[PDB]
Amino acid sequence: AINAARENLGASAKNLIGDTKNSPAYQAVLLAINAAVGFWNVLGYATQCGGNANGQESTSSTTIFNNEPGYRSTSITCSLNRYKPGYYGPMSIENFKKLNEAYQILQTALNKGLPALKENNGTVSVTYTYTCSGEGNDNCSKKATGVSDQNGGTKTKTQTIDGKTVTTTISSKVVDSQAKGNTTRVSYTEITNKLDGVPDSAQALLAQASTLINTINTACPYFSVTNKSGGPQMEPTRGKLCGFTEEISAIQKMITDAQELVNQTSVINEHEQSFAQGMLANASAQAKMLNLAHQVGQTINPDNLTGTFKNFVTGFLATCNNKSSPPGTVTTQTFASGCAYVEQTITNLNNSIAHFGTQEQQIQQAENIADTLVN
């Protein structure tokens, strides 16, 4: 029976770290990431931003980031002029890039598939473009970009993401206002980035989620939103992004919990099934992953929530306004909606737990047998 409880722990470790659809742990990690991505999708469009490379006022700089959830648009336009970036002001281009890099990694990797928690070496390619226009816009220039000839230049660097080496290609292309194809009859510069080999693992995407929500909180720019004529309303319609203190806290807390959940994965790996220690460490780990998963579910669950934050979840974050679109998907109508499968993931997380009851008792059983043995 000591050995039956070990086959049981082996079996349930596999259900937790090898499986996905039916892993509480997996769904909890997904829910934390999607909640973060969903947050930006909801408010990104309402956020002001502009300035030059050094976060100063610019009087002419318009900088546009593609595959971003903007107002009636697949780009976010950072074109606020004459006031310097800062707290309760426009987000700076420095910050917006940090946020945009993270957003692009998350949407591409979610699009591709988060692997199971044990699967830890997977990678993904991420490509993303932004433009600069306006005399005085240094946001696409050598200084900010690394590329010698702004006019067609291309640099290949290595950078490190989650302690892994990522080969980055940057290229720069000016499109003259006279150019055949340029309808916006304004000169602009287009910067493409390709990140070859980005980590696509539960852990890494959680760091990206972390950087996303925490670049927002810290930069704390001004926003103003527009309500739809029907359906849930957001009031007040104007303020500072870090003023969403409850949403941000909960999202922070689910990322932390999911991170704590990933650490328990190695304890399990380090003790596949005197040995009593390992049995205990493995069993306790499994119990902790289930405790943290239920907790991630409870945090964002509409039945535990109340006015205002409840409203933000049920009416905005857990929805998609895209027209009727897989996980990574940005349209002219993503804005003011999460479009990150938050309704569905909350569901699946709570269901994987419903269907994890026998495993919860087998894990609990082995906990005692193991603890007993240890003493």
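Each form is matched to the other, and the largest set of C-alpha atoms that superpose within 1.5 Å is called the rigid core. Quick note: we count residues from 1 along the sequence shown, nothing fancier.
Colleague: For a rigid core alignment of each structure in 8 other deposited structures of this protein onto the shown form, which stretch has the higher root mean square Cα deviation: 341-349 or 53-61?
Modeller: After the core superposition, the stretch with higher RMS deviation in 8 other deposited structures of this protein is 53-61.
Colleague: One third of the other compared structures is the cut-off here: is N67 left unmodelled in that many or more?
Modeller: No, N67 has coordinates in all the other entries compared.
Colleague: Output yes if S324 is unmodelled in at least a third of the other compared entries of this protein, no if it is modelled in all of them.
Modeller: Yes, left without coordinates in at least a third.
Colleague: With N95 and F96 adjacent in the shown sequence, let me know how many deposited residues between them lack coordinates: none, 1 to 3, 4 to 9, or 10 or more.
Modeller: In the deposited sequence, nothing is left without coordinates between these two.
Colleague: Just how many deposited residues go unmodelled from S324 to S325: none, 1 to 3, 4 to 9, or 10 or more?
Modeller: Missing residues, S324 to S325: 4 to 9.
Colleague: If you take the mean CA temperature factor per stretch, which one wins between 10-18 and 357-365?
Modeller: The deposited B-factors put 357-365 ahead on the C-alpha mean.
Colleague: Do the C-alpha atoms of 145-153 or of 115-123 have the higher average B factor in the entry?
Modeller: The deposited B-factors put 145-153 ahead on the C-alpha mean.
Colleague: Between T131, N81, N137, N269, which one tops the list for C-alpha B-factor in the PDB entry?
Modeller: Highest C-alpha B-factor among the listed options: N269.
Colleague: From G181, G86, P199, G243, which pick has the Cα B-factor that tops the rest in the entry?
Modeller: Out of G181, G86, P199, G243, the record gives the largest C-alpha B-factor to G181.
Colleague: Taking the values exactly as deposited, rank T308 by C-alpha B-factor within its chain and report the matching third: lowest, middle or highest.
Modeller: It belongs to the highest third of the chain when residues are ordered by C-alpha B-factor.
Colleague: By the record's CA B-factor, is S58 among the lowest, middle or highest third of residues in the chain?
Modeller: Answer is middle: the recorded C-alpha B-factor places it there.
Colleague: Using only modelled residues of the chain, where does the Cα B factor of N350 rank: lowest third, middle third or highest third?
Modeller: CA B-factor rank for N350: highest third.
Colleague: Ranking every modelled residue in this chain by its Cα temperature factor as given in the entry, which third contains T218?
Modeller: Its C-alpha B-factor belongs to the lowest third of this chain's values.
Colleague: Would you please rank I105 by its C-alpha temperature factor against the other modelled residues of its chain and give the third it falls in: lowest, middle or highest?
Modeller: Lowest third - that is where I105 ends up once the chain's C-alpha B-factors are sorted.
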